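Below are the structure tokens for one structure; questions will follow.
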2 protein chains.
Amino acid sequence: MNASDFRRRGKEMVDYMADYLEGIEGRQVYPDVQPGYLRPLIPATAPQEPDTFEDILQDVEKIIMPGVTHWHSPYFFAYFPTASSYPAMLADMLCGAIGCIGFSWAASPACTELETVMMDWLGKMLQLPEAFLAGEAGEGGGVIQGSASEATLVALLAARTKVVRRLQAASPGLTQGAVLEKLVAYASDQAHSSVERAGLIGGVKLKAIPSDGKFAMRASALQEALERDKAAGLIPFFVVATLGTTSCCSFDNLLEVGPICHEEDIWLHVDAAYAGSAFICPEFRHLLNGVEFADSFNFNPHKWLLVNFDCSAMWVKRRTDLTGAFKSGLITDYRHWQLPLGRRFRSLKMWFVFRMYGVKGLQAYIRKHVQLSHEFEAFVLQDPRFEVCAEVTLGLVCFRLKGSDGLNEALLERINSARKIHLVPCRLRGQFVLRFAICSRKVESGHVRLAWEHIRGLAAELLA
Amino acid sequence: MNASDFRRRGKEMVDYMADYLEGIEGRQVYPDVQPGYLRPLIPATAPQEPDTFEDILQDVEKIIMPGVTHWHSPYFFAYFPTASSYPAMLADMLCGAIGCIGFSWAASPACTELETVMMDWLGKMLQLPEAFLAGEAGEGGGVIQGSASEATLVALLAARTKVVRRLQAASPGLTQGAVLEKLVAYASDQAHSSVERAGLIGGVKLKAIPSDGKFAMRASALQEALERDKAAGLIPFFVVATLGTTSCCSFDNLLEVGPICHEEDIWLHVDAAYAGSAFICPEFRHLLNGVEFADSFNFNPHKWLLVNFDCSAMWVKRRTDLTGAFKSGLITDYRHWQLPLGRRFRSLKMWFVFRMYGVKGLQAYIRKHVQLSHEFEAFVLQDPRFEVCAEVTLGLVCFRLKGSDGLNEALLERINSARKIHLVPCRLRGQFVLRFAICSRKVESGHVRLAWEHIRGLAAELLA
Ligand SMILES: Cc1ncc(COP(=O)(O)O)c(CNN[C@@](C)(Cc2ccc(O)c(O)c2)C(=O)O)c1O
Ligand SMILES: Cc1ncc(COP(=O)(O)O)c(CNN[C@@](C)(Cc2ccc(O)c(O)c2)C(=O)O)c1O
């Protein structure tokens, strides 16, 4: 197809996209399709001659949609939200049209330059210490990573290279392999699985630190682990502090963990994938206190800041520490800040979102979700049959029917079978817990109310 | 902004995208902007209140465009092409609207299922051995990687885990670190830098194999290296054969290298980033012969198959070998086939491109570029002042002005300073060479002719 055809089809696609998101409430959130449903519905080979756009769109609706879990439905309360905003979609369109591969400055100056500024803009919205800002003379700076899982691996690799060099500077005949055997990384027992994958890929041992009563990593527990492992001849080199754990959105104590990592010269990476977005609101910023001790900080605007997926934000205090793993002020070589060499103009999404919503719009968005979260929490607190299982700070409420895990697993099955809303569970200290996460950009109090009524009703039937 | 605003702005964006690509020939390919030009032109902070869409679009045109290198201009003859097609853009739009994160089957069945089928469709277009196809009972299969650089690291990690397990089976006290010290990987001296990055990240030694007269890796040179390294107590575990090297688009000999890797039980990964797309044309398929010996095969539809960047295609013969590094028939867990956990619905781009162009349209596209490449080659062969430096098989012509490297470096500077076309050089055996790569989806004979006339003219002035 050509430009004139695109002008026509592109506009049709725009209406199709708007129609989908606009009438999404009428879709069943979770699909009834069985694994393997798709292959028999489409040809086993690509067509020799063109199919029409109309035919493809019909297939999207009749063959693809039945196998889609609608992340953006007001009734999707699973995992954590993923971002969807029209400004981000407009930027993605422009991004694909410009279509440059920013593997070097010369490949498209703006592809690299806009990103550094967007990262400073965002760094300021979060009130990050200046050490993380690029500005005109900063040693630090930020980069867009493809995802938090990748950001963590990047930080682990930078940390691995750094401690290897420190060990080798003092004892030159030491090999990389010999050093790997002694390296140990730590993360909370509530840390996301991306940390274990990073340890596995990095070839190092990863040890979980027992979390406290509020599922937070504490100085005492970290120190205990450090002493035991150093005594055994292991070398702590990397710690991942999680702000906004997946299970119950708890927060590791950065003010306690930071000083320890500093004293032991341990690389401290902060994973705030979900919660990070809330930090642009002054009332939640205290949760990030202690980030001044972090060597790297990361959160996903593609979760809770409306920047469509393919946008994880990472900052470091020393580009040299990051850069050393893959070989001030202005950044010209992002290829040394990430695993892949190529990259597309993703900073455009941030620019459009930040400018079209404005900081105030983004704050209102966060605050509304937190309000909705508390509305759901209030419902649960009013019913003596249920219990809230963890402090509710952001858009996640962990709850359960007072009773056995079997009862709650049954409640979850009833909810999934009903197909009205979609939630997922988790285990908090072996205990089965239901998670209610405010996800959709357009969830309203009504949806939360109906979701609660639906859940309360099923619970009643079950209790009988 | 809301759906109705998007219906309006999205359509405006469509026209803006079409206008840009349509009038791209009137843009200067390479920018005159200096590093750091952007920061002073935009605010140091995000706006508190919304900016208008009109204002953003004006900034795109006045502030962003001057810092963009136009990859899609008919006059961009640098590196290798990157993909840009309207069907791919249409799919990307849909992809962002559905906006699912396919980290598991349940997160969106179709996000995972369509991908496996598209990979089989593409596998069939390339006439890959059936061992690489998923089908209904295959052990192999394909996955979309974010890029070839990542695909190579994935294969290296799978290979690293495989040889480590084989070894610890013989010597169970052998640690991962002890094994890493003995591992050696190989690639041609013409291999892309992504291979060195993979070795660095994987913590293993990478050794370059001298290429022959046609810049191809040969059995003799590989064997020589293997014998020397095994004798030194090193363990070969991974070889990257490159089909379509960046410098001169040469091809490693798979028929020679394959048997050796098989006999030595060395993981053979095939990197065909650019050239891979040509293999859907029967007249170029012989270049891929020997892929039956490969453990993993990869090429980028986002280079030369019109699937907009963020689309690298990788196949393996044994999902178990790949999967083992991150832990038949239907694939439900792509999270064990790649580094990141999340992923978007990228298979949509393949589906739209394959269906809207049809195999025949894709083959016509490839053939036209190869024809244009030979047209340029013919021009060079007619002028006794120049020489072609390597066999021309696909869309790349390596040439130089007969004489010193200094003369050619001067010619390149003249070309870049003129700002009419954009090319990059490379060194072939220390010799400075100019590269002419057919890139744009809309390059025509006229463009190639004008580019040659422009180059010939500058060469004349210089020679005087
Ligand atoms: C605390 C924490 N750290 C890292 C990650 C990985 O982030 P990414 O997906 O960018 O690699 C997670 C993220 N996600 N875990 C979820 C919530 C799944 C999910 C929801 C929404 C998204 O946009 C993504 O990308 C993933 C879980 O269900 O496992 C995390 O929470
Ligand atoms: C032979 C070869 N192998 C691997 C790679 C890496 O691919 P990717 O960019 O997906 O990680 C390359 C690729 N690119 N090298 C180029 C041609 C730059 C480039 C051009 C067009 C693209 O779409 C991308 O992604 C990159 C370079 O000149 O170095 C490769 O050639």
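Following Swiss-Prot, chain A residues are numbered 1-327, 340-476, in order.
Looking at the header, which is where the method is noted, we find X-ray crystallography, 2.2 Å.
Here the Cβ of each residue, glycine as well, is placed from N, Cα and C on the backbone.
Residues annotated as substrate binding site in Swiss-Prot, with experimental evidence given as evidence: A:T82, A:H192. Among the features that Swiss-Prot reports, pyridoxal 5'-phosphate binding site is placed at A:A148, A:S149, A:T246, A:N300. If you look up Swiss-Prot, you'll see A:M1 marked as N-acetylmethionine. Positions annotated as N6-(pyridoxal phosphate)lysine by Swiss-Prot, on the basis of experimental evidence: A:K303. Annotated region '2 X approximate tandem repeats' per Swiss-Prot: A:58-178, in sequence order. The feature repeat '1' is assigned by Swiss-Prot to A:58-115. Residues or ranges marked as repeat '2' in Swiss-Prot: A:118-178.
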Taking A:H192, A:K303 as the recorded positions to compare, which has the smallest set of other Cβ atoms within 10 Å?
A:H192
Among the binding-site residues listed here, A:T82, A:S149, which has the most company in the form of other Cβ atoms within 10 Å of its Cβ?
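When each Cβ's neighbours within 10 Å are tallied, A:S149 tops the list.
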Would you mind ranking the binding-site residues A:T246, A:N300 by how many other Cβ atoms sit within 10 Å of each Cβ and giving me the lowest?
A:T246
Given the recorded positions A:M1, A:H192, A:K303, which lie close to A:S149 (pyridoxal 5'-phosphate binding site), meaning Cα to Cα within 10 A?
A:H192
For A:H192 (substrate binding site), which of the recorded positions A:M1, A:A148, A:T246, A:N300, A:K303 has the nearest Cα in space?
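Closest by Cα: A:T246.
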Mind checking which of A:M1, A:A148 has the fewest other CB atoms within 10 A of its CB? They're the recorded positions.
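Across A:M1, A:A148, these recorded positions, the one with fewest Cβ atoms within 10 Å is A:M1.
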Nearest to A:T82 (substrate binding site) by Cα, among A:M1, A:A148, A:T246, A:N300, A:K303 (recorded positions)?
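Of the recorded positions A:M1, A:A148, A:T246, A:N300, A:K303, A:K303 has its Cα closest to that of A:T82 (substrate binding site).
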Cβ under 8 Å from chain B: which of the binding-site residues A:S149, A:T246, A:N300 qualify?
A:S149
Rounded to the nearest Å, what's the C-alpha distance separating A:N300 (pyridoxal 5'-phosphate binding site) and A:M1 (N-acetylmethionine)? Just drop the number here, would you?
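So the Cα of A:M1 (N-acetylmethionine) lies 36 Å away from that of A:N300 (pyridoxal 5'-phosphate binding site).
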Look at the break of 12 unmodelled residues running from A:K327 to A:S340 and give the Cα-Cα distance across it in Å, whole number.
17
How many whole Å apart are the CA atoms of A:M1 (N-acetylmethionine) and A:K303 (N6-(pyridoxal phosphate)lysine)?
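Spelling it out, the Cα of A:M1 (N-acetylmethionine) and the Cα of A:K303 (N6-(pyridoxal phosphate)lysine) are 34 Å apart.
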DSSP secondary structure for A:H192 (substrate binding site), reduced to helix/strand/coil, please.
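In three-state terms, A:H192 (substrate binding site) counts as coil.
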Per DSSP, what is the residue tally for the repeat '1' (A:58-115) in helix, strand and coil?
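Split into helix, strand and coil, the repeat '1' (A:58-115) gives 33 helix, 1 strand, 24 coil.
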For the C-alpha pair, I'd like the distance in angstrom between A:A148 (pyridoxal 5'-phosphate binding site) and A:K303 (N6-(pyridoxal phosphate)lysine), rounded off.
10
Would you work out the biggest C-alpha to C-alpha distance among A:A148, A:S149, A:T246, A:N300, the residues that bind pyridoxal 5'-phosphate according to the record, and give it in angstrom as a whole number?
13
Please report the Cα separation of A:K303 (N6-(pyridoxal phosphate)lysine) and A:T246 (pyridoxal 5'-phosphate binding site) in Å, rounded to an integer.
12
